[PDB]
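Chains as they are written, first to last, in this note's numbering: chain A, 1 to 96; chain F, 97 to 160; chain W, 161 to 212; chain X, 213 to 288.
To start, the structure under review is shown below, and the notes come after it.
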RNA sequence: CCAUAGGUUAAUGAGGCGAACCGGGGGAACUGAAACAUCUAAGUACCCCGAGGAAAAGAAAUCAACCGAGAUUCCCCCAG
RNA sequence: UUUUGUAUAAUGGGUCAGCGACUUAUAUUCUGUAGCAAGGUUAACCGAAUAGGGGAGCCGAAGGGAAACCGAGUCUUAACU
RNA sequence: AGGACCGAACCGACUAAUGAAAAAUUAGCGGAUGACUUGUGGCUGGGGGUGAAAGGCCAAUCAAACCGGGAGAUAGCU
RNA sequence: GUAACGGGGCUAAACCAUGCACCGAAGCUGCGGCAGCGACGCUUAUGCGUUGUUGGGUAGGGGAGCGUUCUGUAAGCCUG
RNA sequence: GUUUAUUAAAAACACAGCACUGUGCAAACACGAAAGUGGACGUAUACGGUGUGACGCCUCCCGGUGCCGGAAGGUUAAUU
RNA sequence: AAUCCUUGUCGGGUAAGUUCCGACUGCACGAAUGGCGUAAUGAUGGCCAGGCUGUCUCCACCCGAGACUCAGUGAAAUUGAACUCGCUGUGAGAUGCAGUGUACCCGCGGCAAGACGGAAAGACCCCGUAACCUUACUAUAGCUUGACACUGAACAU
RNA sequence: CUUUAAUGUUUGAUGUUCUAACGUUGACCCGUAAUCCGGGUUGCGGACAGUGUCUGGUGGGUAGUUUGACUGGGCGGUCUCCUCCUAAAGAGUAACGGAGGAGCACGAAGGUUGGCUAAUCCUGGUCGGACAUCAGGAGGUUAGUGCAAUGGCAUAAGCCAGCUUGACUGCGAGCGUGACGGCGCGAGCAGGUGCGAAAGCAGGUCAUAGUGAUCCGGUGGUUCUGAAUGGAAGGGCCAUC
């Protein structure tokens, strides 16, 4: 980013935003990844064990992505509407 | 050694879904009362980086 | 640039303000215009105050 | 000397010509005065910029007693 | 005045040299920043003192996050 | 060789022989190629051991928003044709 | 008597023409009891010395000695 | 140093007009050969009949090779 | 008298003399992180610095910049 | 004048004097970064005279040392390769191109017009975002100010 | 509250004296054969002096640097923006080419509704004149435009008046123009307004100059964030300097 002596593109443009420390400990979980665990019950801990989310992860959503066939009990996790619907269809249970 | 990121660049740009780069417009920072409101409004939203200076940005930000 | 700048503040009691210029030599009296407050979403009286 | 100065060229002039199909919004002419006047389905901006208000073919024509140039849009 | 300083003997140890590594005491500039002064180079080069086969560090007035870990050192990640 | 342009009276070479200049390491991207493929791959280390273990991690399969958050949507805005 | 005079040694270096010589020659020239000259030894060290001062001299090197190191400084130039 | 046709020389071997010949290049054509890039169609060893066309080149981009030393193949093969 | 060793010996430097100025002695000043040393085993008829340069006849402006003295007021640090 | 105009003007000196000496609108002398004088001194600057002379008119001869030849020894800078002529053009100053003229091959002694001869990556000039040398900026040794510390006791205003 | 006096006690500073810190480059004694040094006695000085830390001043004594470019080198001039010409009838187009302007103004000089039409000259008319104001006419924009020039402008964009805040907030199909940063034009949609009987017009001004990226901060709003937790600080987002 040296443009002769003209003020380079980065320096021209204003800085913005801030980093969220809470974003680094959240996670997104596909529907496909609910089968990868064992026991048919999906906690954070379980996910971690199954190497789906990672050790420093306090929070995790389940997104409508891929597809779930087996019935699953999602526990202590956020779920999107679509994802939730999918889970229901599969024959699964959801709980806070 | 690992490539170092240009930290300023990182601060100023965010990579998008198709490998683009959004950025905040210039000219909406001070000396505002004189600027027409419409112009200001236009400036507000984030803007994609142009084809010309894309390369430079990329160079600056190897880890994106 | 003798003509100084000022801010018309909303009498709605919101923070909202417009900003503008005025010639304080020729016009000592305060500027009061009926401008649109976008927080209340109504046209309110806006009274001149110092830009600071 | 006292004479080095000049301004940036403004790229005025007829942008779309006779018969050119235009999308509504498109600028037909940039100009200083109303060299061309706004005719049917053409708007005149604050800087006298004539622009299509409808999708169609540009149509230059002389009209009225003063014999003034008028740009219209023919329907399409 | 007593004492103490000082003085003469005796015993024990030290001294000097040595590649790098190690801990401490001091500590640049060229250079980069397309100039330059903050900044960088770099606590680098160099000088000095001391040690050992290694040194230093080390047994939480430490982390952590309401769950827990359990001195120091070193390697890969974390992460440009 | 350098130049708009050199027989140039512009540069360099007395000749021969020998030596004499785009390397290497680590990151990153794109191309080819091989592997496996919604998966791919392990690092230190253990292992006298190029095997095998080791998946700590990394990249990918989701994005939008400054962020909380939402999520095939999302941000914008009181709300979007 | 004398920073007195003329003048060899000795110290110098104004003019001249000319490698044996990285400053000399020959022919003349100035000082020659003094602020003179010379032997031996000593001391002053680099932004430092010394300087009757020319940026002079400090080992044939001086508007900042030499040697080694930072060091393959940097070189948008050849 | 002739030195203001390149020279000899020229009264046309000068100039104008019309005409028909010839010379004249690495241009075009002829014959032979090589290579690139496209078309179609073979029926294949992934190239072949062909058939168009292209092939001056600095910076520079792309493609394909020669040779040198060393490791394997090699206690092989060549060599008094 | 001195001077650019090696293109300048001079009108340049020095000089006796003159003036200003500092310095009371643990002197000013200078070399030294300092101890100390020079000044000087000197003491204002002495020592340092600056300029001028034998001898003779001589030698307006304090607004500016310095230095010296003053301290009434304005402004003014750490501190509080 | 250690004064542009300027070889100022007048005088002296010379046959003739931009210099010299003496005098009379200070471009831009001037009083201790001293003014004006000044005997003596000076390898000091300028000017004039006497003497003297190959300095010169204008060179001549002679004596020695080299140069030349013979024998012995034996360098150096330079060097793309040379079968290395003149002229007029051309190409920006031609041994090398065009046209033309001249010229048998090779030494030796001489001369220096050219080979943009040799020598030193121009010293001038410019350029490029080194070095040394003020009321530029920024610091800083030193000097100086106060506050606290080492630092205590009385008494008064 | 204005203003002082009384009794009780409390910091600030100001000199005079002291003697015990501290100084002594005064004297004598001892270590000692010793002009160093130390100890001892003593005189003088004395809480000063002088040292450390902080602090203002001074500080080419010394150091590190900077000292623009264009330019038929320096000096002079220039450097951003707007108008015209050069510019070759789309756009664009150079010169130390030829000519001029800008670094604002305006709460009306903006919006809208209603109305109006200029310069100059002639003739007549009190003071009144080349030139005020008023009549009659010619003229036809030769005038006007807040300011340069160009292009515009009578449906006036020129001149008067009435009511007003659209010089609105969120957006924006689609275009123009730039290497980019950016700059510009914009019908329509939502909300809420003003003028008009209404159709409609209004997101500044006849248009084209009146301007400055980023960083760093400042002010107001905003629970977006908030390093154990609750807050806060700081950060973000919107507005603005």
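Where is the CB? At the ideal position from N, CA and C, for every residue including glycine.
- Annotation: the segment 213-279 of chain X contains no complete segment of the alpha helix (DSSP H) (minimum length 4 residues).
- Residue state for residue 75 (chain A) is assigned as strand, using DSSP reduced to three classes.
- Taken atom to atom, the span from the alpha-carbon of residue 193 (chain W) to that of residue 173 (chain W) is near 15 Å.
- Nearest CB-CB separation between residue 165 (chain W) and chain F: below the 8 Å threshold.
- The segment 104-142 of chain F is shown to contain whole beta strand (DSSP E) runs of 3 or more residues at 117-119, in chain order.
- Counting C-beta pairs with one atom in each stretch, the segment 48-60 of chain A and the segment 27-35 of chain A have three or more that are closer than 8 Å, which means they touch.
- By the C-beta density criterion, residue 92 (chain A) is buried, having at least 16 other C-beta atoms within 10 angstroms.
- Going by DSSP, residue 153 (chain F) is part of the alpha helix (DSSP H) stretching over 150-156.
- In the displayed model, residue 88 (chain A) falls within a helix according to three-state DSSP.
- By the Cβ test, the segment 99-115 of chain F is in contact with the segment 143-158 of chain F, since at least three Cβ pairs between them sit closer than 8 Å.
- DSSP places residue 210 (chain W) in the uninterrupted beta strand (DSSP E) bounded by 202-210.
- For residue 178 (chain W), the uninterrupted beta strand (DSSP E) run begins and ends at 177-182, by DSSP.
- Taking a Cβ-Cβ cut-off of 7 Å, the neighbours of residue 13 (chain A) in chain F comprise 108, 119, 120, 122, given in sequence order.
- Of the candidates A:49, A:20, A:71, A:81, A:81 places its Cα closest to the Cα of residue 61 (chain A).
- When DSSP reads this structure, residue 195 (chain W) sits in a beta bridge with W:204.
- Residue 64 (chain A) carries a coil assignment under DSSP once its states are collapsed to helix, strand and coil.
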